[PDB]
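This report concerns only the one structure given below.
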Amino acid sequence: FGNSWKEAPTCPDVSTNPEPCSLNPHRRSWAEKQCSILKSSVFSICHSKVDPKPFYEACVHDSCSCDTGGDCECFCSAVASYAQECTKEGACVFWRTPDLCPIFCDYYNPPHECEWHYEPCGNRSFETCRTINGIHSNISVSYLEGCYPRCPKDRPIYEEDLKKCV
Amino acid sequence: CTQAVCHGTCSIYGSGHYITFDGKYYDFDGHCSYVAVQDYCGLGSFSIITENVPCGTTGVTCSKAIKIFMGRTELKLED
Amino acid sequence: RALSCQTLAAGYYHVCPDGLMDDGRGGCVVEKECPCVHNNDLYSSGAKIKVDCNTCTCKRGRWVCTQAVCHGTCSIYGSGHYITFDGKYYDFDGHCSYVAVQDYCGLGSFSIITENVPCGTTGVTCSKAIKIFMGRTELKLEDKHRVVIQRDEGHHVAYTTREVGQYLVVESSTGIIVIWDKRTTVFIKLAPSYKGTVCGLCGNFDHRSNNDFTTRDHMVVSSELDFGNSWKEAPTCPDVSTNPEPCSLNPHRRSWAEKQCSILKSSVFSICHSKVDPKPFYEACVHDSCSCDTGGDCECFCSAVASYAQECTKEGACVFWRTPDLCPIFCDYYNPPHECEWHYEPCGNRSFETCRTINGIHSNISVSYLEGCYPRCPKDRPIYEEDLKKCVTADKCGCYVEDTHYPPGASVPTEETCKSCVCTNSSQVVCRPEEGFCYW
Amino acid sequence: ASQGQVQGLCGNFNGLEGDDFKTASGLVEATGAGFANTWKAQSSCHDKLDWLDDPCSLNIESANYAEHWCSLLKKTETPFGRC
Amino acid sequence: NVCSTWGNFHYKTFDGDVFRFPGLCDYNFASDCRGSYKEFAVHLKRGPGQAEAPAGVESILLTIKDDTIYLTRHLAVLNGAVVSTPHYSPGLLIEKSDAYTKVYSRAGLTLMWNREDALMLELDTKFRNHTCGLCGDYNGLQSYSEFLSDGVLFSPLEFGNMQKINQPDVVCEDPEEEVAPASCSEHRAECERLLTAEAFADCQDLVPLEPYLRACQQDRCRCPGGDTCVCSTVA
Ligand SMILES: *[C@@H]1O[C@H](CO)[C@@H](O[C@@H]2O[C@H](CO)[C@@H](O)[C@H](O)[C@H]2NC(C)=O)[C@H](O)[C@H]1NC(C)=O
Ligand SMILES: *[C@@H]1O[C@H](CO)[C@@H](O)[C@H](O)[C@H]1NC(C)=O
Ligand SMILES: [Ca+2]
Ligand SMILES: [Ca+2]
Ligand SMILES: [Ca+2]
């Protein structure tokens with residue numbers, strides 16, 4: 001089914017699915033140790049709302065393969081994929097720590113006024129200059145992780161294409 | 001429960017993990033440009049293509065760019 | 001005959017008229033008002049600068065400096081990179097417990113050991129624990145924590161453990177200092193009273209660097225692998241024969257390593273290029289990135305870059321190099337729910353008030369150049385208590401007795417007899433006797 | 001018998017290799033070009049700066065040639081292997 | 001604009017200036033002489049001399065700021081590895097049709113080469129006043145500095161000779177100054193009639209004519225017998 005949807009006829013045909021953790025045995029011990037956080041008590045609230053096994057397998061499969069550089073970026077995205085679903089079903093979990101996939105939000109703040117904050121599960125609706133003129137989307141994206149503004153009370157409209165409270 | 005039809009969702013993630021619109025998981029590791037979605041199905045209006053390249057030495061591959069054709073406009077999500 | 005204030009000592013062997021001499025800044029100047037140069041910077045007459053313990057002055061185009069002896073520093077970092085007290089870089093990859101420093105040099109008062117273990121598959125090894133013997137007490141730095149062992153009954157040589165920035169600092173009242181980044185880096189600082197009375201992998205600290213390869217039995221060798229092998233502790237540990245070459249044994253990882261580590265040579269660190277030579281740090285960055293091939297290789301790189309950023313700060317160039325995509329740092333995790341007081345200080349140049357220094361206790365070194373997150377305590381409780389990392393009022397901080405924090409009011413434990421103790425409601429630890437025989 | 005009585009680009013010859021960049025006017029320099037410029041014998045010459053590049057990355061056609069021969073120094077079977 | 005090379009050692013810079021440099025060893029076809037950082041460099045490698053009429057190209061080396069592409073007659077190599085064309089990296093596109101091989105870069109570089117003789121390169125306007133290869137500079141001046149730098153009007157052969165690259169394993173001799181042949185103006189009518197035919201109607205205002213017919217002049221007389229050397233210009 002996959003090989004029939006390629007665009008260029010000259011592209012080769014896939015014959016087998018490789019097994020990363022079998023071709024890189026020495027990387028298994030680490031991968032199976034970091035990815036175990038999904039099954040740990042940290043995500044105890046979400047265990048009854050999302051089955052973690054297909055995400056644990058994805059985490060282990062990815063961690064065994066990023067063997068040419070920057071393998072701490074393959075792991076954080078894998079865990080964030082599951083955390084996003086946990087948020088989506090109604091379980092807002094705070095899993096980042098200064099030693100595990102840190103995030104650097106206050107980089108965006110003006111010199112020392114504190115207005116950007118890491119929102120663990122995005123459940124915050126504020127006023128941009130698009131919605132102020134009646135423009136609206138057609139779906140809810142109120143479950144996307146990241147850093148969000150908390151614009152002050154003297155210029156409370158968040159302009160997006162410059163990331164500025166005006 | 002009320003009866004309204006929610007939007008449909010397809011997911012691509014990781015080293016070639018796919019979840020279709022109807023909820024079927026699978027894996028596929030190709031090195032070419034593949035049709036993610038389109039309605040030129042046997043005259044259609046759009047198409048969304050993906051570009052997979054190797055990332056690692058075990059042979060697995062991952063998506064690295066996206067091309068969106070709408071009417072005649074073409075967006076490209078890249079870098 | 002045309003002098004230039006830079007060929008003054010040359011001799012003029014091989015414009016301005018007779019008398020006046022070019023200064024390099026502009027018009028011709030007399031010899032008296034001739035400026036000075038230092039690290040590609042031009043200072044006029046009568047200026048002032050400091051060099052690590054002293055202060056200098058541009059007098060007559062020549063520098064006049066005070067003469068005090070700065071402390072001595074040994075550095076251990078990376079996958080086996082050593083810098084001795086007298087400035088002699090080298091490499092060594094062992095798997096045993098080695099004597100970093102000691103005073104039992106042929107009767108002694110201390111010793112500092114290290115524990116190197118393999119990290120990777122290319123054969124390189126890195127430090128992962130430290131042990132400090134002081135008199136009879138034994139501190140051990142391990143698993144991101146400090147553990148006391150065999151605390152002596154009544155001598156208890158005064159030390160002090162605290163946490164500054166991202167680093168853990170252990171000082172001793174005798175004049176020993178250890179700075180540990182909790183992963184692999186270690187700095188040992190010694191007071192100038194130990195001069196020429198130590199021995200170990202860090203040399204013997206005598207302001208002379210042609211004899212730092214002195215083996216255990218007082219012989220001077222010319223080989224790194226013989227000097228290193230003679231300071232192992234357990235006689236059954238094997239002996240190192242060759243230094244591995246990581247980037248040659250892992251060809252596929254080279255392209256990444258040489259691209260990320262290139263930031264040191266980019267324009268981002270343009271200010272620091274004239275003050276610290278970047279080549280011996282670029283080499284270490286590439287060497288470390290090719291070896292961390294078993295997981296967590298984004299951590300071997302950030303520490304390598306921080307080692308150079310710290311020196312740039314130390315020499316007077318505060319550089320801001322972190323970005324949300326490059327070694328991000330997550331500081332506001334420590335803040336209260338949404339009150340914003342903790343801030344990432346790129347170069348630590350901040351001197352605030354803790355409840356130690358409020359009572360006259362002072363250190364002996366300036367550690368005002370360590371990276372990390374720092375408090376900015378509010379104006380309603382502006383005293384930073386360290387053992388809990390909390391901004392509190394000047395009254396309710398603690399007692400800090402026997403290197404152990406005790407909350408105000410809490411009955412202070414006491415290893416004495418008939419002597420009860422309490423932290424008053426004034427931050428004062430006071431003890432009373434109990435006649436239950438014994439008396440006051 | 002001339003230990004510490006020489007000055008120039010060749011250092012002071014006193015046993016310590018950290019003060020070798022010690023200019024003739026007090027303090028010590030950090031780079032290799034900064035120290036050297038202070039020992040010019042002609043005031044008219046300009047000042048140079050260090051070069052933070054590797055020539056084996058600008059001339060690709062020469063890298064293979066340079067490696068194939070300079071690598072002989074580490075070959076134990078080669079005559080240099082004795083040293 | 002476009003730099004081009006084709007035919008019997010015919011070249012064309014970014015500012016016209018059609019000449020003939022029958023070099024055979026190796027040359028710097030194009031480069032970025034900005035001075036601070038070299039963004040790209042295209043190096044050309046002629047053959048040992050195929051025959052009197054044709055003038056092929058053995059291989060092409062093309063480095064873009066981090067990686068090298070080595071294009072041969074039969075295969076293309078990227079960073080020392082053979083790639084199955086086409087390739088879709090997020091900063092570089094290589095494709096191999098039957099009549100051409102094309103390379104597109106995000107820096108503003110397009111290269112098109114048929115595997116036998118014809119090669120053309122297109123750059124954006126960003127690289128004006130910086131190109132320094134055999135294609136001359138890209139200031140838009142017609143033979144301003146390419147041939148008259150310090151008042152001396154450089155002959156094409158000596159200008160081409162300066163653009164050589166020294167491979168530190170082989171010594172290759174530069175071509176010697178040939179005796180000035182007669183201006184082959186006896187075949188001008190044939191070239192003009194062939195080139196200005198009906199099939200080339202809607203380009204008489206897009207591309208000029210003088211340079212391309214002047215090129216046909218030498219091509220017709222320098223290439224007696226088979227017409228394998230004149231119809232490579234009208235192409
Ligand atoms: C900084 O150095 C001084 C110099 O010794 C230390 O002062 C010593 O303190 C111990 C116990 O507190 C006394 O037994 C010594 O007599 C003191 N030395 C002198 C010369 O009087 C001081 O303790 C050091 N700083 C810290 C924080 O320990
Ligand atoms: C330089 O200016 C622009 C590009 O910077 C270019 O179009 C122009 O032709 C050049 N002129 C000269 C004299 O170099
Ligand atoms: Ca010494
Ligand atoms: Ca010396
Ligand atoms: Ca021109």
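By order in the structure tokens, chains are A, B, ...; within a chain, residues start at 1; ligands start at 1, following the order shown.
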Select, as a short mmCIF file (atom, residue, chain, number, x, y, z; two decimals) with N, CA, C and O atoms, in the first residue's frame, those residues of chain A with any atom no more than 12 Å from chain B (distances computed using only C-alpha atoms).
```cif
data_model
loop_
_atom_site.label_atom_id
_atom_site.label_comp_id
_atom_site.auth_asym_id
_atom_site.auth_seq_id
_atom_site.Cartn_x
_atom_site.Cartn_y
_atom_site.Cartn_z
N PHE A 1 0.83 -1.20 0.00
CA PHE A 1 0.00 0.00 0.00
C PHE A 1 0.86 1.25 0.00
O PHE A 1 0.52 2.25 -0.64
N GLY A 2 1.98 1.22 0.72
CA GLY A 2 2.86 2.38 0.75
C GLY A 2 3.57 2.64 -0.57
O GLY A 2 3.57 3.77 -1.06
N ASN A 3 4.15 1.60 -1.17
CA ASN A 3 4.97 1.77 -2.36
C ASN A 3 4.19 2.28 -3.56
O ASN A 3 4.80 2.74 -4.53
N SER A 4 2.86 2.20 -3.54
CA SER A 4 2.06 2.59 -4.69
C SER A 4 1.73 4.08 -4.72
O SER A 4 1.20 4.55 -5.73
N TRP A 5 2.04 4.82 -3.66
CA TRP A 5 1.72 6.24 -3.59
C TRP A 5 2.94 7.14 -3.73
O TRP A 5 2.83 8.35 -3.52
N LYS A 6 4.09 6.58 -4.08
CA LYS A 6 5.25 7.42 -4.36
C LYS A 6 4.99 8.28 -5.59
O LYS A 6 4.20 7.93 -6.46
N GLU A 7 5.66 9.43 -5.64
CA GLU A 7 5.44 10.39 -6.72
C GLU A 7 6.38 10.16 -7.90
O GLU A 7 5.93 10.13 -9.05
N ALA A 8 7.67 10.01 -7.64
CA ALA A 8 8.60 9.81 -8.74
C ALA A 8 8.75 8.32 -9.05
O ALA A 8 9.10 7.54 -8.15
N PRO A 9 8.50 7.88 -10.28
CA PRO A 9 8.61 6.45 -10.58
C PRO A 9 9.97 5.85 -10.27
O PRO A 9 10.05 4.67 -9.93
N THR A 10 11.04 6.63 -10.37
CA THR A 10 12.39 6.12 -10.17
C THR A 10 12.72 5.87 -8.70
O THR A 10 13.74 5.24 -8.42
N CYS A 11 11.89 6.33 -7.77
CA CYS A 11 12.17 6.09 -6.37
C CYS A 11 12.15 4.59 -6.08
O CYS A 11 11.35 3.86 -6.67
N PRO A 12 13.01 4.10 -5.20
CA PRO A 12 13.06 2.66 -4.92
C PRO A 12 11.84 2.21 -4.14
O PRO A 12 11.02 3.00 -3.68
N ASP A 13 11.73 0.89 -4.00
CA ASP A 13 10.62 0.26 -3.28
C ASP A 13 11.12 -0.32 -1.97
O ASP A 13 12.15 -1.00 -1.93
N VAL A 14 10.38 -0.05 -0.90
CA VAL A 14 10.73 -0.55 0.43
C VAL A 14 10.43 -2.04 0.47
O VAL A 14 9.38 -2.49 0.01
N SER A 15 11.36 -2.81 1.04
CA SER A 15 11.23 -4.26 1.11
C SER A 15 11.01 -4.78 2.52
O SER A 15 10.41 -5.85 2.69
N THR A 16 11.47 -4.06 3.54
CA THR A 16 11.35 -4.54 4.91
C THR A 16 11.36 -3.35 5.86
O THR A 16 11.82 -2.26 5.52
N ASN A 17 10.85 -3.59 7.07
CA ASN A 17 10.87 -2.58 8.13
C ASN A 17 12.03 -2.87 9.08
O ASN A 17 12.00 -3.88 9.79
N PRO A 18 13.06 -2.02 9.12
CA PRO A 18 14.19 -2.29 10.01
C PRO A 18 13.79 -2.22 11.48
O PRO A 18 12.78 -1.61 11.85
N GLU A 19 14.60 -2.86 12.31
CA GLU A 19 14.40 -2.87 13.76
C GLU A 19 15.54 -2.09 14.41
O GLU A 19 16.66 -2.61 14.54
N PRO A 20 15.31 -0.84 14.81
CA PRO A 20 16.42 -0.03 15.34
C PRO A 20 17.08 -0.64 16.57
O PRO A 20 18.30 -0.81 16.57
N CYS A 21 16.31 -0.97 17.61
CA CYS A 21 16.90 -1.46 18.84
C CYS A 21 17.64 -2.78 18.67
O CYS A 21 18.43 -3.15 19.54
N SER A 22 17.41 -3.50 17.57
CA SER A 22 18.16 -4.71 17.27
C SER A 22 19.46 -4.43 16.53
O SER A 22 20.42 -5.18 16.69
N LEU A 23 19.50 -3.38 15.72
CA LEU A 23 20.72 -3.00 15.02
C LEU A 23 21.64 -2.13 15.87
O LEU A 23 22.81 -1.95 15.50
N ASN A 24 21.16 -1.60 16.99
CA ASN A 24 21.95 -0.77 17.89
C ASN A 24 21.75 -1.27 19.31
O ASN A 24 21.12 -0.60 20.14
N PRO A 25 22.27 -2.46 19.63
CA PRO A 25 22.03 -3.02 20.97
C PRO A 25 22.51 -2.14 22.10
O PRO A 25 21.85 -2.09 23.15
N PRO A 54 1.14 1.90 22.73
CA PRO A 54 1.59 2.33 21.40
C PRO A 54 2.49 3.56 21.42
O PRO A 54 3.24 3.77 20.46
N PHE A 55 2.44 4.37 22.48
CA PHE A 55 3.36 5.49 22.62
C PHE A 55 4.68 5.08 23.26
O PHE A 55 5.73 5.61 22.89
N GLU A 57 6.04 2.14 22.79
CA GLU A 57 6.75 1.51 21.68
C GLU A 57 7.34 2.55 20.74
O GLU A 57 8.47 2.39 20.27
N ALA A 58 6.59 3.61 20.44
CA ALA A 58 7.11 4.66 19.58
C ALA A 58 8.33 5.34 20.20
O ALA A 58 9.32 5.60 19.51
N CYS A 59 8.27 5.63 21.51
CA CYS A 59 9.41 6.25 22.18
C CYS A 59 10.64 5.36 22.09
O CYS A 59 11.73 5.83 21.72
N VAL A 60 10.50 4.08 22.42
CA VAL A 60 11.64 3.18 22.37
C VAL A 60 12.17 3.05 20.95
O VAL A 60 13.38 3.04 20.72
N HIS A 61 11.27 2.93 19.97
CA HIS A 61 11.69 2.79 18.58
C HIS A 61 12.45 4.02 18.10
O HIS A 61 13.45 3.88 17.38
N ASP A 62 12.00 5.21 18.47
CA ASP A 62 12.68 6.43 18.05
C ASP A 62 14.03 6.60 18.74
O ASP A 62 15.01 6.93 18.07
N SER A 63 14.09 6.37 20.05
CA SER A 63 15.34 6.59 20.78
C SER A 63 16.47 5.67 20.31
O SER A 63 17.63 6.07 20.39
N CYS A 64 16.15 4.47 19.84
CA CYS A 64 17.19 3.57 19.34
C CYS A 64 17.74 3.98 17.99
O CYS A 64 18.76 3.43 17.57
N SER A 65 17.10 4.92 17.29
CA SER A 65 17.43 5.23 15.91
C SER A 65 18.18 6.54 15.74
O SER A 65 19.00 6.64 14.81
N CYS A 66 17.95 7.53 16.59
CA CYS A 66 18.62 8.83 16.46
C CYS A 66 20.07 8.70 16.92
O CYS A 66 20.47 9.17 17.98
N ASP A 67 20.87 8.04 16.08
CA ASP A 67 22.26 7.73 16.40
C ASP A 67 23.25 8.49 15.54
O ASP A 67 24.32 7.96 15.23
N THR A 68 22.93 9.72 15.14
CA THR A 68 23.88 10.58 14.44
C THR A 68 23.94 11.99 15.01
O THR A 68 24.58 12.85 14.40
N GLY A 69 23.30 12.24 16.15
CA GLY A 69 23.35 13.55 16.77
C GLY A 69 22.00 14.01 17.28
O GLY A 69 20.96 13.71 16.69
N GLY A 70 22.00 14.74 18.40
CA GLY A 70 20.79 15.36 18.89
C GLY A 70 19.68 14.40 19.24
O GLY A 70 18.54 14.59 18.82
N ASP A 71 20.00 13.35 20.01
CA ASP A 71 19.00 12.35 20.37
C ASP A 71 18.17 12.74 21.58
O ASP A 71 17.27 11.99 21.96
N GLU A 73 16.33 15.33 21.37
CA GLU A 73 15.21 16.00 20.72
C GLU A 73 14.21 15.01 20.14
O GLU A 73 13.05 15.36 19.91
N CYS A 74 14.65 13.77 19.90
CA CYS A 74 13.73 12.72 19.48
C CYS A 74 12.86 12.24 20.64
O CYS A 74 11.75 11.75 20.42
N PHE A 75 13.36 12.37 21.87
CA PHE A 75 12.69 11.81 23.04
C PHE A 75 11.63 12.76 23.59
O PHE A 75 10.52 12.33 23.94
N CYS A 76 11.97 14.04 23.69
CA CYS A 76 11.02 15.02 24.21
C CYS A 76 9.77 15.12 23.35
O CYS A 76 8.67 15.19 23.89
N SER A 77 9.92 15.11 22.02
CA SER A 77 8.76 15.12 21.15
C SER A 77 7.91 13.86 21.32
O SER A 77 6.68 13.95 21.33
N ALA A 78 8.55 12.70 21.46
CA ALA A 78 7.81 11.47 21.68
C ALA A 78 6.97 11.53 22.95
O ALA A 78 5.81 11.13 22.93
N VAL A 79 7.55 12.03 24.04
CA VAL A 79 6.76 12.16 25.27
C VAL A 79 5.69 13.23 25.16
O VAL A 79 4.57 13.04 25.68
N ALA A 80 5.98 14.35 24.50
CA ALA A 80 5.00 15.41 24.30
C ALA A 80 3.81 14.95 23.48
O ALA A 80 2.70 15.43 23.72
N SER A 81 4.00 14.03 22.53
CA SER A 81 2.86 13.52 21.78
C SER A 81 1.83 12.87 22.69
O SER A 81 0.63 13.10 22.53
N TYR A 82 2.29 12.07 23.66
CA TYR A 82 1.37 11.44 24.60
C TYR A 82 0.79 12.44 25.59
O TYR A 82 -0.40 12.38 25.92
N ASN A 138 -12.28 27.62 12.99
CA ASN A 138 -13.35 26.64 12.91
C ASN A 138 -13.08 25.39 13.74
O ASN A 138 -13.89 24.46 13.71
N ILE A 139 -11.97 25.35 14.48
CA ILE A 139 -11.67 24.26 15.39
C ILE A 139 -11.07 24.85 16.66
O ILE A 139 -10.72 26.03 16.72
N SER A 140 -10.95 24.01 17.69
CA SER A 140 -10.37 24.40 18.97
C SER A 140 -8.94 23.89 19.01
O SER A 140 -8.69 22.69 18.89
#
```
Please report, as a tab-separated table, each residue of chain E lying at most 8 Å from chain A, together with the nearest pair of atoms and the separation in Å rounded to one decimal; use only C-alpha atoms, and order rows by chain and ascending residue number.
```
residue	atom	partner	partner_atom	distance
E:84	CA	A:11	CA	7.3
E:85	CA	A:10	CA	7.5
E:86	CA	A:11	CA	7.4
```
*Given 7 Å and only C-alpha atoms and all ligand atoms, residues near ligand 5 as a list in words*: residues 15, 136, 137, 138, 139, 140, 141, 142, 143, 144, 145 and 146 of chain E
*Given 7 Å and only C-alpha atoms and all ligand atoms, residues near ligand 1 as a list in words*: residues 158, 159, 160, 171, 172, 173, 174, 175, 361, 362, 363 and 364 of chain C
Would you tabulate, counting only C-alpha atoms and all ligand atoms, all residues of chain C that have an atom at most 10 Å from an atom of ligand 4, showing the closest pair of atoms and their distance in Å to one decimal, sorted by chain then ascending number, as a tab-separated table?
```
residue	atom	partner	partner_atom_place_in_ligand_line	distance
C:208	CA	ligand 4	1 (Ca)	9.0
C:209	CA	ligand 4	1 (Ca)	9.1
C:210	CA	ligand 4	1 (Ca)	9.8
```
_With 8 Å as the limit and counting only C-alpha atoms, what residues in chain D lie close to chain C? Please list them as a VMD selection string._
chain D and resid 15 to 18 24 to 27 29 to 31 34 38 to 43 52
Could you save those same residues with N, CA and C atoms as a PDB file, in the first residue's frame?
```
ATOM      1  N   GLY D  15      61.601  28.177  32.797  1.00  0.00           N
ATOM      2  CA  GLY D  15      61.007  26.942  33.247  1.00  0.00           C
ATOM      3  C   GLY D  15      59.491  26.947  33.277  1.00  0.00           C
ATOM      4  N   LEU D  16      58.868  28.120  33.244  1.00  0.00           N
ATOM      5  CA  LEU D  16      57.417  28.241  33.242  1.00  0.00           C
ATOM      6  C   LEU D  16      56.955  28.679  31.859  1.00  0.00           C
ATOM      7  N   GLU D  17      55.958  27.982  31.317  1.00  0.00           N
ATOM      8  CA  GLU D  17      55.467  28.221  29.963  1.00  0.00           C
ATOM      9  C   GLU D  17      54.108  28.914  29.973  1.00  0.00           C
ATOM     10  N   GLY D  18      53.840  29.689  31.020  1.00  0.00           N
ATOM     11  CA  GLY D  18      52.611  30.451  31.108  1.00  0.00           C
ATOM     12  C   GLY D  18      52.871  31.937  30.994  1.00  0.00           C
ATOM     13  N   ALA D  24      56.904  43.014  27.159  1.00  0.00           N
ATOM     14  CA  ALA D  24      58.004  43.757  27.756  1.00  0.00           C
ATOM     15  C   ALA D  24      57.527  44.926  28.604  1.00  0.00           C
ATOM     16  N   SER D  25      56.217  45.093  28.761  1.00  0.00           N
ATOM     17  CA  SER D  25      55.647  46.204  29.514  1.00  0.00           C
ATOM     18  C   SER D  25      54.656  45.680  30.547  1.00  0.00           C
ATOM     19  N   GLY D  26      55.048  44.632  31.269  1.00  0.00           N
ATOM     20  CA  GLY D  26      54.255  44.157  32.385  1.00  0.00           C
ATOM     21  C   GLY D  26      53.431  42.913  32.123  1.00  0.00           C
ATOM     22  N   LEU D  27      52.136  43.097  31.897  1.00  0.00           N
ATOM     23  CA  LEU D  27      51.152  42.027  31.967  1.00  0.00           C
ATOM     24  C   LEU D  27      51.325  41.017  30.839  1.00  0.00           C
ATOM     25  N   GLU D  29      49.757  38.520  27.781  1.00  0.00           N
ATOM     26  CA  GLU D  29      48.732  38.510  26.752  1.00  0.00           C
ATOM     27  C   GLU D  29      48.029  37.157  26.712  1.00  0.00           C
ATOM     28  N   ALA D  30      46.973  37.084  25.903  1.00  0.00           N
ATOM     29  CA  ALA D  30      46.172  35.873  25.786  1.00  0.00           C
ATOM     30  C   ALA D  30      46.380  35.133  24.474  1.00  0.00           C
ATOM     31  N   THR D  31      46.432  35.841  23.352  1.00  0.00           N
ATOM     32  CA  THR D  31      46.589  35.223  22.046  1.00  0.00           C
ATOM     33  C   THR D  31      48.058  35.201  21.640  1.00  0.00           C
ATOM     34  N   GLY D  34      48.752  38.874  19.579  1.00  0.00           N
ATOM     35  CA  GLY D  34      48.838  40.058  20.418  1.00  0.00           C
ATOM     36  C   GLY D  34      50.221  40.246  21.010  1.00  0.00           C
ATOM     37  N   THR D  38      54.121  43.260  19.653  1.00  0.00           N
ATOM     38  CA  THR D  38      54.883  44.174  20.488  1.00  0.00           C
ATOM     39  C   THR D  38      56.385  44.073  20.267  1.00  0.00           C
ATOM     40  N   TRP D  39      56.846  43.128  19.448  1.00  0.00           N
ATOM     41  CA  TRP D  39      58.265  42.949  19.165  1.00  0.00           C
ATOM     42  C   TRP D  39      58.597  43.242  17.705  1.00  0.00           C
ATOM     43  N   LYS D  40      57.953  44.250  17.124  1.00  0.00           N
ATOM     44  CA  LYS D  40      58.276  44.658  15.765  1.00  0.00           C
ATOM     45  C   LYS D  40      59.546  45.498  15.758  1.00  0.00           C
ATOM     46  N   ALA D  41      60.399  45.267  14.766  1.00  0.00           N
ATOM     47  CA  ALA D  41      61.630  46.029  14.607  1.00  0.00           C
ATOM     48  C   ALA D  41      61.470  47.222  13.675  1.00  0.00           C
ATOM     49  N   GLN D  42      60.283  47.425  13.106  1.00  0.00           N
ATOM     50  CA  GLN D  42      60.003  48.564  12.246  1.00  0.00           C
ATOM     51  C   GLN D  42      58.635  49.126  12.597  1.00  0.00           C
ATOM     52  N   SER D  43      58.617  50.372  13.070  1.00  0.00           N
ATOM     53  CA  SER D  43      57.378  50.970  13.554  1.00  0.00           C
ATOM     54  C   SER D  43      56.315  51.073  12.468  1.00  0.00           C
ATOM     55  N   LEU D  52      41.212  32.027  12.658  1.00  0.00           N
ATOM     56  CA  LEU D  52      40.410  30.933  13.202  1.00  0.00           C
ATOM     57  C   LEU D  52      39.780  30.113  12.075  1.00  0.00           C
TER      58      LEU D  52
END
```
*What separation in Å, quoted to one decimal, exists between CA of residue 421 in chain C and CA of residue 393 in chain C?*
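CA of residue 421 in chain C sits 22.2 Å away from CA of residue 393 in chain C.
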*All strand (DSSP E or B) positions in range 52-156 of chain A, as a VMD selection string*: chain A and resid 97 100 116 to 119 128 146 to 149
Could you take the residues named above and write them with C-alpha atoms, as a PDB file, in the first residue's frame?
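Final output, saved to again19.pdb:
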```pdb
ATOM      1  CA  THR A  97      11.699  19.643  34.991  1.00  0.00           C
ATOM      2  CA  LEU A 100      14.128  16.613  31.800  1.00  0.00           C
ATOM      3  CA  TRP A 116       5.524  35.293  29.057  1.00  0.00           C
ATOM      4  CA  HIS A 117       4.784  32.081  30.963  1.00  0.00           C
ATOM      5  CA  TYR A 118       5.016  28.381  30.135  1.00  0.00           C
ATOM      6  CA  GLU A 119       1.432  27.137  29.969  1.00  0.00           C
ATOM      7  CA  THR A 128      -5.538  39.000  19.853  1.00  0.00           C
ATOM      8  CA  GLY A 146       4.062  26.234  24.676  1.00  0.00           C
ATOM      9  CA  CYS A 147       4.802  29.663  26.092  1.00  0.00           C
ATOM     10  CA  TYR A 148       1.933  32.155  26.170  1.00  0.00           C
ATOM     11  CA  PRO A 149       1.685  35.903  26.865  1.00  0.00           C
TER      12      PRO A 149
END
```
For chain C against chain A, which residues fall within 8 Å using only C-alpha atoms, given as a PDB file with C-alpha atoms, in the first residue's frame?
```
ATOM      1  CA  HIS C 252      29.156   9.015  11.037  1.00  0.00           C
ATOM      2  CA  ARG C 253      28.953  11.304  14.099  1.00  0.00           C
ATOM      3  CA  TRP C 256      27.146  16.809  13.470  1.00  0.00           C
ATOM      4  CA  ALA C 257      29.904  17.423  16.014  1.00  0.00           C
ATOM      5  CA  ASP C 293      27.300   7.650  21.547  1.00  0.00           C
ATOM      6  CA  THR C 294      25.156   5.769  24.095  1.00  0.00           C
ATOM      7  CA  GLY C 295      22.544   8.436  24.866  1.00  0.00           C
ATOM      8  CA  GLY C 296      22.111  11.979  26.125  1.00  0.00           C
ATOM      9  CA  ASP C 297      24.596  13.596  23.747  1.00  0.00           C
ATOM     10  CA  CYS C 298      22.905  17.008  23.960  1.00  0.00           C
ATOM     11  CA  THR C 323      18.449  30.389  22.801  1.00  0.00           C
ATOM     12  CA  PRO C 324      15.195  28.399  22.948  1.00  0.00           C
ATOM     13  CA  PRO C 328      17.720  26.058  26.868  1.00  0.00           C
ATOM     14  CA  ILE C 329      17.621  26.738  30.600  1.00  0.00           C
ATOM     15  CA  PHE C 330      14.414  26.443  32.628  1.00  0.00           C
ATOM     16  CA  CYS C 331      14.697  28.893  35.536  1.00  0.00           C
ATOM     17  CA  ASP C 332      11.166  30.060  36.421  1.00  0.00           C
ATOM     18  CA  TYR C 333      10.410  26.481  37.498  1.00  0.00           C
ATOM     19  CA  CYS C 340       8.311  36.287  39.015  1.00  0.00           C
TER      20      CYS C 340
END
```
Give me, as a tab-separated table, each residue of chain B that comes within 9 Å of chain E, together with its shortest interatomic pair and the distance in Å at one decimal, counting only C-alpha atoms, with rows ordered by chain and rising residue number.
```
residue	atom	partner	partner_atom	distance
B:31	CA	E:87	CA	8.6
B:32	CA	E:88	CA	7.5
B:33	CA	E:88	CA	7.8
B:51	CA	E:88	CA	6.8
B:52	CA	E:88	CA	8.0
B:53	CA	E:89	CA	6.9
B:64	CA	E:90	CA	6.7
B:65	CA	E:90	CA	6.5
B:78	CA	E:90	CA	6.5
B:79	CA	E:90	CA	6.8
```
